[PDB]
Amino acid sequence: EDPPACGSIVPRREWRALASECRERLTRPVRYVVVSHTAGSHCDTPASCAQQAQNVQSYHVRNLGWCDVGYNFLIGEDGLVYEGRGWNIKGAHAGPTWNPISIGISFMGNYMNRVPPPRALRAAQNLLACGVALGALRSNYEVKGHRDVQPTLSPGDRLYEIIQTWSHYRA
């Protein structure tokens, strides 16, 4: 009944992110979403999770010399979504084939034998619904596991098993 009806996200400033230097854009509406895990520690409070995002970005920018954290969005077990390169800027999370044509969302943690809490699964599912609402994603977008498109255990066996049941999943 009025337009902007979709998910809250922790803004970069809020998680105290280094300025992005990335400028290559995606073309909306984007067709694919690749779900990964950071494979590191998880966080379960808004406090722990903002720090984690700064840590993930630090690894990609400081160590890897990347223009910004590689993921478009990050999911906290705080139940919050952390803004990464966002809906419009090409990410660096799934290789040269998938990066220019997808949105990379990464769950912050390691989900090989642990599942993300429901507030995390809700957070991610709402963000995607929001992306469709916004025209950032196609209504018939496809979700892929990181391991479906790159050689990796990402997004973790437990999380991978869950995304496979999602409405938009397509291997």
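Heads up, when I say rigid core I mean the largest set of C-alphas that superpose within 1.5 Å between the two forms. So that there is no doubt, residue numbering starts at 1 and follows the sequence shown.
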Stretch 162-170 versus stretch 4-12: after rigid core alignment, which one is farther off in C-alpha RMS in 8 other deposited structures of this protein?
4-12
Of the two stretches 131-139 and 58-66, which shows the higher Cα B-factor on average in the entry?
58-66
May I ask you to compare 47-55 and 99-107 by their mean CA B factor in the entry and name the higher one?
47-55
Just the C-alpha B-factor column, please: which of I162, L18, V149, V10 has the biggest number?
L18
Using the temperature factors of the C-alpha atoms in this entry, rank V35 within its chain: lowest, middle or highest third.
lowest
In terms of the chain's CA B-factor thirds, is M112 lowest, middle or highest?
highest
For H42, the third of its chain into which the C-alpha B factor falls
highest
